[PDB]
Every structure is written in structure tokens, then in C-alpha cells.
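Novice: Contents are mmCIF, C-alpha atoms and all ligand atoms; file name model.cif:
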data_query
loop_
_atom_site.label_atom_id
_atom_site.label_comp_id
_atom_site.auth_asym_id
_atom_site.auth_seq_id
_atom_site.Cartn_x
_atom_site.Cartn_y
_atom_site.Cartn_z
CA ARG C 1 -25.05 21.69 -19.15
CA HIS C 2 -25.60 21.87 -15.35
CA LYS C 3 -22.67 21.08 -13.07
CA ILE C 4 -22.78 17.67 -11.45
CA UNK C 5 -20.24 19.02 -8.85
CA UNK C 6 -24.81 20.63 -6.11
CA UNK C 7 -23.50 15.20 -6.45
CA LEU C 8 -22.10 19.02 -2.74
CA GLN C 9 -25.78 18.44 -1.92
CA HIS X 1 2.16 15.81 25.66
CA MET X 2 -0.92 14.02 24.29
CA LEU X 3 -3.67 14.68 21.76
CA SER X 4 -6.67 16.67 22.99
CA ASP X 5 -10.25 15.40 23.02
CA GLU X 6 -10.91 17.72 20.07
CA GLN X 7 -7.95 16.70 17.91
CA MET X 8 -8.73 13.03 18.37
CA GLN X 9 -12.31 13.52 17.23
CA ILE X 10 -10.83 15.06 14.08
CA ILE X 11 -8.70 11.92 13.71
CA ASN X 12 -11.57 9.47 14.28
CA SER X 13 -13.86 11.34 11.90
CA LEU X 14 -11.30 11.62 9.12
CA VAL X 15 -10.59 7.89 9.51
CA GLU X 16 -14.23 6.80 9.36
CA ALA X 17 -14.68 9.22 6.47
CA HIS X 18 -11.95 7.36 4.63
CA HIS X 19 -13.38 4.00 5.64
CA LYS X 20 -16.79 4.91 4.20
CA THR X 21 -15.34 6.22 0.91
CA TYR X 22 -12.65 3.57 0.19
CA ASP X 23 -13.79 0.02 -0.51
CA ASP X 24 -11.01 -2.42 0.34
CA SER X 25 -12.83 -5.08 -1.70
CA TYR X 26 -12.70 -3.10 -4.96
CA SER X 27 -15.96 -4.89 -5.84
CA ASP X 28 -17.43 -1.82 -7.58
CA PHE X 29 -14.73 -2.30 -10.27
CA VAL X 30 -16.66 -4.86 -12.33
CA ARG X 31 -19.33 -2.24 -12.94
CA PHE X 32 -16.72 -0.18 -14.83
CA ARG X 33 -16.12 -0.58 -18.53
CA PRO X 34 -13.68 -3.48 -18.88
CA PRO X 35 -9.93 -3.00 -19.25
CA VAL X 36 -8.42 -3.93 -22.59
CA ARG X 37 -4.87 -5.05 -23.33
CA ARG X 38 -5.05 3.21 -29.59
CA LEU X 39 -5.94 3.95 -25.92
CA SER X 40 -7.70 0.69 -25.04
CA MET X 41 -7.31 1.47 -21.35
CA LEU X 42 -8.95 4.89 -21.51
CA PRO X 43 -12.57 3.75 -20.95
CA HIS X 44 -11.68 1.59 -17.93
CA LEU X 45 -9.30 4.12 -16.38
CA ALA X 46 -11.66 7.00 -17.14
CA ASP X 47 -14.31 4.98 -15.33
CA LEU X 48 -11.98 4.29 -12.41
CA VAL X 49 -11.02 7.93 -12.01
CA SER X 50 -14.61 9.12 -12.34
CA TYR X 51 -15.64 6.75 -9.54
CA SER X 52 -12.86 7.84 -7.20
CA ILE X 53 -13.67 11.49 -7.91
CA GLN X 54 -17.07 10.70 -6.44
CA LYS X 55 -15.39 9.09 -3.44
CA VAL X 56 -13.12 12.08 -2.85
CA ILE X 57 -16.14 14.38 -2.88
CA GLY X 58 -17.62 12.15 -0.19
CA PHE X 59 -14.40 12.20 1.83
CA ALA X 60 -14.24 16.00 1.64
CA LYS X 61 -17.81 16.51 2.89
CA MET X 62 -16.84 14.63 6.05
CA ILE X 63 -13.60 16.56 6.65
CA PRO X 64 -14.29 18.57 9.83
CA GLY X 65 -15.38 22.00 8.61
CA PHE X 66 -15.36 21.48 4.85
CA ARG X 67 -19.17 21.39 4.90
CA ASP X 68 -19.10 25.00 6.18
CA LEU X 69 -17.17 26.86 3.47
CA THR X 70 -18.88 28.53 0.54
CA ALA X 71 -20.15 25.90 -1.86
CA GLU X 72 -17.94 27.66 -4.40
CA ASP X 73 -14.83 27.24 -2.22
CA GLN X 74 -15.72 23.56 -1.76
CA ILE X 75 -15.89 23.02 -5.53
CA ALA X 76 -12.71 25.01 -6.28
CA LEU X 77 -10.74 22.97 -3.71
CA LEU X 78 -12.27 19.73 -4.98
CA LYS X 79 -11.71 20.44 -8.68
CA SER X 80 -8.10 21.60 -8.28
CA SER X 81 -7.10 18.90 -5.80
CA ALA X 82 -9.09 15.86 -6.98
CA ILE X 83 -6.29 14.42 -9.05
CA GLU X 84 -3.79 14.73 -6.17
CA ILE X 85 -6.15 13.04 -3.68
CA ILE X 86 -6.61 10.25 -6.21
CA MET X 87 -2.86 9.82 -6.56
CA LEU X 88 -2.69 9.89 -2.73
CA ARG X 89 -5.56 7.53 -1.95
CA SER X 90 -4.24 5.11 -4.57
CA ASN X 91 -1.10 4.42 -2.57
CA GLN X 92 -3.32 2.04 -0.58
CA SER X 93 -3.33 -0.34 -3.61
CA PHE X 94 0.26 0.25 -4.83
CA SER X 95 2.35 -2.78 -3.86
CA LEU X 96 6.10 -2.31 -4.11
CA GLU X 97 6.79 -6.01 -4.73
CA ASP X 98 4.82 -5.57 -8.03
CA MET X 99 5.35 -1.84 -8.81
CA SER X 100 1.70 -1.64 -9.80
CA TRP X 101 -1.67 -1.06 -8.24
CA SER X 102 -3.08 -4.56 -7.80
CA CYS X 103 -6.78 -4.13 -7.18
CA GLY X 104 -8.09 -7.44 -5.89
CA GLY X 105 -8.22 -8.82 -9.41
CA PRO X 106 -5.70 -9.56 -12.15
CA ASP X 107 -7.98 -7.76 -14.59
CA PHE X 108 -7.54 -4.81 -12.17
CA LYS X 109 -3.73 -4.82 -11.79
CA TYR X 110 -2.49 -1.65 -13.51
CA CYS X 111 1.13 -1.62 -14.55
CA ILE X 112 2.76 1.41 -16.16
CA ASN X 113 2.13 0.04 -19.64
CA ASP X 114 -1.57 0.05 -18.85
CA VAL X 115 -1.60 3.78 -18.15
CA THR X 116 0.31 4.52 -21.33
CA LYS X 117 -2.58 2.81 -23.17
CA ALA X 118 -4.86 5.47 -21.72
CA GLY X 119 -2.98 8.45 -23.15
CA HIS X 120 -0.21 9.26 -20.65
CA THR X 121 3.58 9.12 -21.08
CA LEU X 122 6.56 8.47 -18.85
CA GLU X 123 7.03 12.21 -18.32
CA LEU X 124 4.08 11.72 -15.95
CA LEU X 125 4.10 8.02 -15.17
CA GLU X 126 7.70 7.68 -14.05
CA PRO X 127 7.55 10.61 -11.56
CA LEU X 128 4.25 9.08 -10.47
CA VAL X 129 5.59 5.62 -9.73
CA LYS X 130 8.52 7.18 -7.87
CA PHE X 131 6.01 9.22 -5.84
CA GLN X 132 4.07 6.07 -4.88
CA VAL X 133 7.18 4.07 -4.04
CA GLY X 134 8.49 6.99 -1.98
CA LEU X 135 5.12 7.35 -0.23
CA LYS X 136 4.74 3.61 0.37
CA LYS X 137 8.25 3.52 1.86
CA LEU X 138 7.12 6.02 4.51
CA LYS X 139 5.01 3.24 6.09
CA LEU X 140 2.38 5.73 7.23
CA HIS X 141 -0.22 4.93 9.81
CA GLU X 142 -3.84 5.19 8.74
CA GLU X 143 -4.37 8.49 10.55
CA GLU X 144 -1.33 10.02 8.84
CA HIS X 145 -2.37 8.94 5.33
CA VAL X 146 -5.87 10.25 5.97
CA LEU X 147 -4.64 13.46 7.61
CA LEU X 148 -2.32 13.96 4.65
CA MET X 149 -5.27 13.76 2.23
CA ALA X 150 -7.38 16.27 4.17
CA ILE X 151 -4.42 18.65 4.43
CA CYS X 152 -3.87 18.19 0.69
CA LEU X 153 -7.53 18.96 -0.02
CA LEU X 154 -7.66 22.03 2.27
CA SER X 155 -4.81 23.93 0.59
CA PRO X 156 -5.97 27.55 0.13
CA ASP X 157 -3.40 28.23 -2.62
CA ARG X 158 -5.42 26.78 -5.46
CA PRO X 159 -7.06 28.58 -8.39
CA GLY X 160 -10.55 29.78 -7.57
CA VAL X 161 -10.48 29.71 -3.75
CA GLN X 162 -12.09 32.82 -2.26
CA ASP X 163 -12.08 32.80 1.57
CA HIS X 164 -8.36 32.07 1.67
CA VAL X 165 -8.16 33.29 5.28
CA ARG X 166 -10.39 30.54 6.59
CA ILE X 167 -9.29 27.61 4.39
CA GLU X 168 -5.81 28.46 5.68
CA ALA X 169 -7.12 28.14 9.25
CA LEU X 170 -8.71 24.69 8.98
CA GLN X 171 -5.78 23.32 7.04
CA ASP X 172 -3.51 24.65 9.76
CA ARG X 173 -5.73 23.02 12.38
CA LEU X 174 -5.08 19.65 10.68
CA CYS X 175 -1.38 20.21 10.11
CA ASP X 176 -1.06 20.63 13.87
CA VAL X 177 -3.27 17.61 14.66
CA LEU X 178 -1.01 15.64 12.34
CA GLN X 179 2.24 17.10 13.68
CA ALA X 180 1.12 16.32 17.24
CA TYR X 181 0.14 12.79 16.23
CA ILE X 182 3.59 12.07 14.76
CA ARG X 183 5.46 13.54 17.74
CA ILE X 184 3.33 11.72 20.27
CA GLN X 185 2.21 8.46 18.64
CA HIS X 186 4.85 7.45 16.08
CA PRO X 187 8.11 5.80 17.27
CA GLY X 188 10.99 6.94 15.07
CA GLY X 189 9.17 9.62 13.09
CA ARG X 190 11.34 12.51 14.25
CA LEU X 191 11.46 13.88 10.68
CA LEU X 192 8.29 12.40 9.27
CA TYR X 193 6.04 15.47 9.12
CA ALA X 194 8.63 17.10 6.85
CA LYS X 195 8.73 14.04 4.58
CA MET X 196 4.97 14.32 4.21
CA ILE X 197 5.02 18.02 3.30
CA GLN X 198 7.51 17.24 0.56
CA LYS X 199 5.07 14.66 -0.76
CA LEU X 200 2.48 17.44 -1.08
CA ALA X 201 4.90 19.40 -3.26
CA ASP X 202 5.49 16.26 -5.33
CA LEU X 203 1.74 16.07 -5.90
CA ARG X 204 1.66 19.57 -7.37
CA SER X 205 4.35 18.69 -9.92
CA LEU X 206 2.39 15.65 -11.08
CA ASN X 207 -0.90 17.55 -11.09
CA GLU X 208 0.81 20.02 -13.43
CA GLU X 209 1.96 17.23 -15.74
CA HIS X 210 -1.34 15.36 -15.72
CA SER X 211 -3.20 18.60 -16.49
CA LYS X 212 -0.83 19.19 -19.38
CA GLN X 213 -1.35 15.65 -20.67
CA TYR X 214 -5.08 15.52 -19.95
CA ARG X 215 -5.64 18.72 -21.90
CA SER X 216 -4.01 17.09 -24.92
CA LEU X 217 -6.20 14.01 -24.59
CA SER X 218 -9.43 15.91 -23.92
CA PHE X 219 -9.06 18.19 -26.95
CA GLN X 220 -9.51 15.29 -29.39
CA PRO X 221 -13.16 14.15 -29.75
CA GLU X 222 -11.97 10.61 -30.43
CA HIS X 223 -10.89 10.41 -26.78
CA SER X 224 -12.97 12.98 -24.92
CA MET X 225 -16.02 10.93 -25.92
CA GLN X 226 -14.55 8.02 -23.92
CA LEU X 227 -14.36 10.09 -20.73
CA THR X 228 -17.26 10.51 -18.31
CA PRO X 229 -19.36 13.59 -17.58
CA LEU X 230 -17.84 13.84 -14.08
CA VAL X 231 -14.26 13.59 -15.35
CA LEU X 232 -14.83 16.17 -18.09
CA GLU X 233 -16.44 18.60 -15.65
CA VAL X 234 -13.76 18.29 -12.95
CA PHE X 235 -10.53 18.16 -14.98
CA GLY X 236 -11.96 20.76 -17.32
CA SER X 237 -11.13 24.40 -18.02
CA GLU X 238 -14.66 25.74 -17.49
CA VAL X 239 -14.83 28.19 -14.59
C1 LIG F 1 -7.82 5.69 -8.56
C2 LIG F 1 -7.43 4.82 -7.64
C3 LIG F 1 -6.59 3.50 -7.96
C4 LIG F 1 -5.46 3.55 -8.71
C5 LIG F 1 -4.95 4.92 -9.24
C6 LIG F 1 -4.18 4.81 -10.33
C7 LIG F 1 -3.96 3.50 -11.04
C8 LIG F 1 -4.18 3.55 -12.55
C9 LIG F 1 -3.63 4.71 -13.22
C10 LIG F 1 -3.98 6.07 -12.41
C11 LIG F 1 -5.51 6.18 -12.37
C12 LIG F 1 -3.37 7.53 -12.82
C13 LIG F 1 -3.80 8.03 -14.21
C14 LIG F 1 -2.68 8.93 -14.69
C15 LIG F 1 -5.12 8.84 -14.19
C16 LIG F 1 -5.47 9.34 -15.64
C17 LIG F 1 -6.91 9.96 -15.65
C18 LIG F 1 -7.31 10.32 -17.11
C19 LIG F 1 -6.93 9.19 -18.10
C20 LIG F 1 -8.83 10.52 -17.12
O1 LIG F 1 -6.65 11.50 -17.49
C21 LIG F 1 -3.67 8.35 -11.70
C22 LIG F 1 -3.84 7.34 -10.38
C23 LIG F 1 -3.47 5.97 -11.07
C24 LIG F 1 -7.16 2.20 -7.44
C25 LIG F 1 -7.75 2.39 -6.01
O2 LIG F 1 -6.63 2.85 -5.21
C26 LIG F 1 -8.76 3.43 -6.00
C27 LIG F 1 -8.04 4.78 -6.28
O3 LIG F 1 -8.87 5.93 -6.08
#
Could you quickly redo this structure as C-alpha cells?
Specialist:
Amino acid sequence: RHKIXXXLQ
Amino acid sequence: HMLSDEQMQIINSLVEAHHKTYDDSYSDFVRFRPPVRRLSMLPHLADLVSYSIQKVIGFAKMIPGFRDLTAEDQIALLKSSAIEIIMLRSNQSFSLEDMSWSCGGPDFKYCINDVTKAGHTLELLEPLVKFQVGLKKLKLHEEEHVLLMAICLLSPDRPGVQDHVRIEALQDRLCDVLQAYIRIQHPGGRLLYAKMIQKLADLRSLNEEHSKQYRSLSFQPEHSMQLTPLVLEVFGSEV
């Protein structure tokens, strides 16, 4: 649950 | 001819981007779960891969113009290419005298029998060693190795990529920076660009095999529980 990939922001 | 003021700034940036994201000391390795000599090496190697996935994300963000695609395109290129970048960046620790990646510590020297104890077979590992020995033999300069990674990352022919037109453009802009660099700055590399492009096609074959083998490992809860959240998200089937 909730993509690590905002490690974009 | 020479390299232009703009192509060299691409070179310098890509190089510093690799310097910031690749620790020659390997000192962050003790913070991983230890290596152990079924699948004793999975926790340590899962930790190692999860770490370098974070590094590759950092590298990408500094590639000239990556920071300007759709966040979705960024993630699609990063997910689909991460394992190839990792195979690429790892050549920096692959010594041919030892046919292993020696990482500044004997607890961190990974021979082929180590990676079998993390789930993978020779159908992957032997093409992989041959890739690294072929790539090490090309005695690349730093700017070539780093350019090769950025060109690998910026392929527009990966699942999920939307603005193919533009990803194509920036990758082409780096292919030509690279190709100029080899022509102008590398004595005796009259064929070398072509050797590097073949290495990209190698990477796709191994990506395919890893994917196949990873999927088998990740579908058993026994072993998926030993992976990390970042590894499961990136090498995972979820769109
Ligand atoms: C990572 C890096 C290094 C080695 C890469 C290796 C060595 C061990 C075995 C590896 C990790 C391969 C394994 C098949 C990866 C399997 C991943 C998993 C078990 C989760 O499915 C791929 C690259 C190989 C060390 C240093 O170069 C940092 C770099 O960045």
C-alpha cells in the first residue's frame, strides 16, 4: 500500500 | 572534431551523478542483513539489490532531462530497467582475476555459488558472468560506463513508457555524446560503440531470465517475506 517509487520526490 | 560545451556538461554531470550514487568504499554493506554460507544468501542479496535500486533512482534523477519526463514515464523506465542498471553498475566490483564481485570485504565477495543460494540458477548466472567478463574486457573509461548506464535507462522501448517520442530524443542525445566521445577521446576504439550496443542487448536477455526466475521466487511466501518493500514493488507485476 502506497508506492515507495513519489523515494521521485 | 571535438565535444561541444553542451555535450561535455552532459558528461561531467553523468559522472558526478555516478560518483554521488556509487560508494567505492562499500561501507554501507555492514548495515545489510549478513550473508550466510535453503536460500541463506537471499536476505543479504535482497538487501544489496534493494540498496542499489535506491542508488539507481538517484542516478536517474541526475541524468540530464530525466527530471522532466512525466513522473509515470520516470517510474516505468526505472522499474523496467533497474535490474539492468544494477548488472551494469556492478561491473565496477567484478574482478576477472577472481570471477566474482569482491566488495571491499571477504564477507562481501560474491561468487556464483553465493547467488545460487539466493534462488537463481546457472541459466541466469552463467550468461551473467559472461556478460560481466565481456564488459570488463572492454576496459571502458568512466564516461563510457556512465554514458552506457544512462542510455540503458533512457530506452523508450520498455513496458509502460508513454511519451516514447521524447524518451527516444534524450536517449539519442546521449548515444551521440557517447559516440562522439569514443571517436574523439578513445585511442583504438574504432568499433567500441557497437560493442557497447551489443551489451545493451545482452542486458535484455538477462533481464528476461531474472524476471522469469524472480517471479518463481517471489510467488512463495517463504521467500517473498525475505525480500524488501522496495524490491517487491520494483520487480513486481503491479501496474
Ligand atoms: C548490486 C551491485 C553489486 C553486485 C551485483 C551483483 C553481485 C551479487 C549477485 C547479483 C546481485 C545479481 C543477482 C542475480 C540479483 C538477484 C536479486 C533478487 C535475489 C532479489 O532476485 C544481480 C547483480 C549481482 C555490488 C556493487 O557493485 C554494488 C552494485 O549495485
Novice: Could you name the residues that touch segment 181-184 of chain X at 7 Å or less, counting only C-alpha atoms, but leaving out those on the same chain fewer than 4 positions away, as a PyMOL selection string?
Specialist: chain X and resi 1-3+177+189-190
Novice: Go ahead and dump the residues you just picked, C-alpha atoms, as a tab-separated table (two decimals), in the coordinates of the input.
Specialist:
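The new file out04.tsv reads:
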chain	number	residue	atom	x	y	z
X	1	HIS	CA	2.16	15.81	25.66
X	2	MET	CA	-0.92	14.02	24.29
X	3	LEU	CA	-3.67	14.68	21.76
X	177	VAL	CA	-3.27	17.61	14.66
X	189	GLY	CA	9.17	9.62	13.09
X	190	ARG	CA	11.34	12.51	14.25
Novice: Please tabulate, as a Markdown table, the residues of chain C that come within 8 Å of chain X, each with its closest pair of atoms and the distance in Å to one decimal, counting all atoms listed in the file and ordering rows by chain, then residue number upward.
Specialist:
| residue | atom | partner | partner_atom | distance |
| --- | --- | --- | --- | --- |
| C:3 | CA | X:233 | CA | 7.2 |
| C:4 | CA | X:230 | CA | 6.8 |
| C:5 | CA | X:75 | CA | 6.8 |
| C:7 | CA | X:54 | CA | 7.8 |
| C:8 | CA | X:71 | CA | 7.2 |
Novice: Once you have the residues from the selection above, write them out as a CSV table (one decimal), keeping the file's coordinate frame, restricted to C-alpha atoms.
Specialist:
chain,number,residue,atom,x,y,z
C,3,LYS,CA,-22.7,21.1,-13.1
C,4,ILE,CA,-22.8,17.7,-11.4
C,5,UNK,CA,-20.2,19.0,-8.8
C,7,UNK,CA,-23.5,15.2,-6.4
C,8,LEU,CA,-22.1,19.0,-2.7
Novice: Neighbours of ligand LIG 1 (chain F) within 7 Å, counting all atoms listed in the file, as number ranges by chain?
Specialist: X: 42, 45-46, 48-49, 52, 86-87, 89-93, 101, 103, 110, 115, 118-120, 125, 210, 214, 227, 231
Novice: Around the point (-14.9, 23.9, 12.5) in the file's coordinates, collect all residues with an atom within 10 Å, using all atoms listed in the file, and return them as a CSV table (one decimal) with C-alpha atoms, keeping the file's coordinate frame.
Specialist:
chain,number,residue,atom,x,y,z
X,10,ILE,CA,-10.8,15.1,14.1
X,63,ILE,CA,-13.6,16.6,6.6
X,64,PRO,CA,-14.3,18.6,9.8
X,65,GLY,CA,-15.4,22.0,8.6
X,66,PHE,CA,-15.4,21.5,4.8
X,67,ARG,CA,-19.2,21.4,4.9
X,68,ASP,CA,-19.1,25.0,6.2
X,69,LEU,CA,-17.2,26.9,3.5
X,166,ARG,CA,-10.4,30.5,6.6
X,169,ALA,CA,-7.1,28.1,9.2
X,170,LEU,CA,-8.7,24.7,9.0
X,173,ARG,CA,-5.7,23.0,12.4
Novice: Find the distance between atom CA of residue 26 of chain X and atom CA of residue 40 of chain X and write it in Å to one decimal.
Specialist: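 Separation of atom CA of residue 26 of chain X and atom CA of residue 40 of chain X: 21.0 Å.
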Novice: Could you please determine the separation between atom CA of residue 126 of chain X and atom CA of residue 225 of chain X in Å, to one decimal place?
Specialist: 26.7 Å
Novice: Using atom CA of residue 186 of chain X and atom CA of residue 174 of chain X as the two end points, give the distance in Å to one decimal.
Specialist: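 Straight-line distance from atom CA of residue 186 of chain X to atom CA of residue 174 of chain X works out to 16.6 Å.
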Novice: Counting only C-alpha atoms, write as a list in words all protein and nucleic acid residues lying at most 12 Å from (-13.4, 5.1, 7.1) in the file's frame.
Specialist: residues 11, 12, 13, 14, 15, 16, 17, 18, 19, 20, 21, 22, 23, 24, 55, 58, 59, 62, 63, 142, 143, 145 and 146 of chain X
Novice: Produce a file of the selected residues containing C-alpha atoms, as a PDB file, in the frame of the given file.
Specialist:
ATOM      1  CA  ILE X  11      -8.700  11.920  13.710  1.00  0.00           C
ATOM      2  CA  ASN X  12     -11.570   9.470  14.280  1.00  0.00           C
ATOM      3  CA  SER X  13     -13.860  11.340  11.900  1.00  0.00           C
ATOM      4  CA  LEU X  14     -11.300  11.620   9.120  1.00  0.00           C
ATOM      5  CA  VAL X  15     -10.590   7.890   9.510  1.00  0.00           C
ATOM      6  CA  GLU X  16     -14.230   6.800   9.360  1.00  0.00           C
ATOM      7  CA  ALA X  17     -14.680   9.220   6.470  1.00  0.00           C
ATOM      8  CA  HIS X  18     -11.950   7.360   4.630  1.00  0.00           C
ATOM      9  CA  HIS X  19     -13.380   4.000   5.640  1.00  0.00           C
ATOM     10  CA  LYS X  20     -16.790   4.910   4.200  1.00  0.00           C
ATOM     11  CA  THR X  21     -15.340   6.220   0.910  1.00  0.00           C
ATOM     12  CA  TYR X  22     -12.650   3.570   0.190  1.00  0.00           C
ATOM     13  CA  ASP X  23     -13.790   0.020  -0.510  1.00  0.00           C
ATOM     14  CA  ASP X  24     -11.010  -2.420   0.340  1.00  0.00           C
ATOM     15  CA  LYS X  55     -15.390   9.090  -3.440  1.00  0.00           C
ATOM     16  CA  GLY X  58     -17.620  12.150  -0.190  1.00  0.00           C
ATOM     17  CA  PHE X  59     -14.400  12.200   1.830  1.00  0.00           C
ATOM     18  CA  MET X  62     -16.840  14.630   6.050  1.00  0.00           C
ATOM     19  CA  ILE X  63     -13.600  16.560   6.650  1.00  0.00           C
ATOM     20  CA  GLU X 142      -3.840   5.190   8.740  1.00  0.00           C
ATOM     21  CA  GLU X 143      -4.370   8.490  10.550  1.00  0.00           C
ATOM     22  CA  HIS X 145      -2.370   8.940   5.330  1.00  0.00           C
ATOM     23  CA  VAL X 146      -5.870  10.250   5.970  1.00  0.00           C
TER      24      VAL X 146
END
Novice: Using all atoms listed in the file, which of the listed residues (X:161, X:41, X:196, X:239) sits closest to residue 107 of chain X?
Specialist: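 With all atoms listed in the file as the atom set, the closest residue is X:41.
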Novice: Please provide as a PyMOL selection string all residues within 8 Å of segment 128-137 of chain X, with the sequence filter that same-chain residues fewer than 2 positions apart are discarded (counting only C-alpha atoms).
Specialist: chain X and resi 91+94+96+99+124-126+139-140+199+202+206
Novice: Output segment 158-174 of chain X with N, CA, C and O atoms present, as a PDB file, keeping the file's coordinate frame.
Specialist:
ATOM      1  N   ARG X 158      -5.019  27.355  -4.198  1.00  0.00           N
ATOM      2  CA  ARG X 158      -5.420  26.780  -5.460  1.00  0.00           C
ATOM      3  C   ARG X 158      -6.242  27.793  -6.246  1.00  0.00           C
ATOM      4  O   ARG X 158      -6.847  28.700  -5.664  1.00  0.00           O
ATOM      5  N   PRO X 159      -6.229  27.692  -7.571  1.00  0.00           N
ATOM      6  CA  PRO X 159      -7.060  28.580  -8.390  1.00  0.00           C
ATOM      7  C   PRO X 159      -8.523  28.511  -7.977  1.00  0.00           C
ATOM      8  O   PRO X 159      -9.083  27.433  -7.787  1.00  0.00           O
ATOM      9  N   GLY X 160      -9.138  29.678  -7.829  1.00  0.00           N
ATOM     10  CA  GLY X 160     -10.550  29.780  -7.570  1.00  0.00           C
ATOM     11  C   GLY X 160     -10.939  30.027  -6.128  1.00  0.00           C
ATOM     12  O   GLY X 160     -12.021  30.577  -5.887  1.00  0.00           O
ATOM     13  N   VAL X 161     -10.100  29.636  -5.163  1.00  0.00           N
ATOM     14  CA  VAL X 161     -10.480  29.710  -3.750  1.00  0.00           C
ATOM     15  C   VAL X 161     -10.698  31.169  -3.367  1.00  0.00           C
ATOM     16  O   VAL X 161      -9.895  32.042  -3.714  1.00  0.00           O
ATOM     17  N   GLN X 162     -11.801  31.448  -2.668  1.00  0.00           N
ATOM     18  CA  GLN X 162     -12.090  32.820  -2.260  1.00  0.00           C
ATOM     19  C   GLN X 162     -11.645  33.081  -0.820  1.00  0.00           C
ATOM     20  O   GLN X 162     -10.619  33.736  -0.597  1.00  0.00           O
ATOM     21  N   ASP X 163     -12.411  32.587   0.162  1.00  0.00           N
ATOM     22  CA  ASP X 163     -12.080  32.800   1.570  1.00  0.00           C
ATOM     23  C   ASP X 163     -10.771  32.099   1.891  1.00  0.00           C
ATOM     24  O   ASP X 163     -10.766  31.079   2.580  1.00  0.00           O
ATOM     25  N   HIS X 164      -9.667  32.636   1.375  1.00  0.00           N
ATOM     26  CA  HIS X 164      -8.360  32.070   1.670  1.00  0.00           C
ATOM     27  C   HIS X 164      -8.083  32.079   3.166  1.00  0.00           C
ATOM     28  O   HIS X 164      -7.561  31.099   3.711  1.00  0.00           O
ATOM     29  N   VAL X 165      -8.433  33.174   3.852  1.00  0.00           N
ATOM     30  CA  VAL X 165      -8.160  33.290   5.280  1.00  0.00           C
ATOM     31  C   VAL X 165      -8.624  32.039   6.019  1.00  0.00           C
ATOM     32  O   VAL X 165      -7.870  31.434   6.792  1.00  0.00           O
ATOM     33  N   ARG X 166      -9.855  31.594   5.747  1.00  0.00           N
ATOM     34  CA  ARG X 166     -10.390  30.540   6.590  1.00  0.00           C
ATOM     35  C   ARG X 166      -9.899  29.160   6.172  1.00  0.00           C
ATOM     36  O   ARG X 166      -9.555  28.339   7.024  1.00  0.00           O
ATOM     37  N   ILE X 167      -9.835  28.888   4.869  1.00  0.00           N
ATOM     38  CA  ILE X 167      -9.290  27.610   4.390  1.00  0.00           C
ATOM     39  C   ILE X 167      -7.907  27.385   4.980  1.00  0.00           C
ATOM     40  O   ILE X 167      -7.558  26.281   5.415  1.00  0.00           O
ATOM     41  N   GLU X 168      -7.098  28.438   4.981  1.00  0.00           N
ATOM     42  CA  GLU X 168      -5.810  28.460   5.680  1.00  0.00           C
ATOM     43  C   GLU X 168      -5.946  27.975   7.121  1.00  0.00           C
ATOM     44  O   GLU X 168      -5.175  27.125   7.578  1.00  0.00           O
ATOM     45  N   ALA X 169      -6.943  28.495   7.845  1.00  0.00           N
ATOM     46  CA  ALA X 169      -7.120  28.140   9.250  1.00  0.00           C
ATOM     47  C   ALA X 169      -7.367  26.644   9.432  1.00  0.00           C
ATOM     48  O   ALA X 169      -6.670  25.984  10.213  1.00  0.00           O
ATOM     49  N   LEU X 170      -8.363  26.084   8.725  1.00  0.00           N
ATOM     50  CA  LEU X 170      -8.710  24.690   8.980  1.00  0.00           C
ATOM     51  C   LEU X 170      -7.599  23.764   8.530  1.00  0.00           C
ATOM     52  O   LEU X 170      -7.364  22.723   9.152  1.00  0.00           O
ATOM     53  N   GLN X 171      -6.937  24.104   7.426  1.00  0.00           N
ATOM     54  CA  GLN X 171      -5.780  23.320   7.040  1.00  0.00           C
ATOM     55  C   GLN X 171      -4.723  23.358   8.122  1.00  0.00           C
ATOM     56  O   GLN X 171      -4.127  22.330   8.463  1.00  0.00           O
ATOM     57  N   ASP X 172      -4.489  24.540   8.691  1.00  0.00           N
ATOM     58  CA  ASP X 172      -3.510  24.650   9.760  1.00  0.00           C
ATOM     59  C   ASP X 172      -3.948  23.839  10.970  1.00  0.00           C
ATOM     60  O   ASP X 172      -3.119  23.219  11.642  1.00  0.00           O
ATOM     61  N   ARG X 173      -5.251  23.809  11.248  1.00  0.00           N
ATOM     62  CA  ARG X 173      -5.730  23.020  12.380  1.00  0.00           C
ATOM     63  C   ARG X 173      -5.419  21.539  12.193  1.00  0.00           C
ATOM     64  O   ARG X 173      -5.190  20.834  13.178  1.00  0.00           O
ATOM     65  N   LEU X 174      -5.368  21.057  10.948  1.00  0.00           N
ATOM     66  CA  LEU X 174      -5.080  19.650  10.680  1.00  0.00           C
ATOM     67  C   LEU X 174      -3.592  19.359  10.601  1.00  0.00           C
ATOM     68  O   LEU X 174      -3.144  18.271  10.978  1.00  0.00           O
TER      69      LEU X 174
END
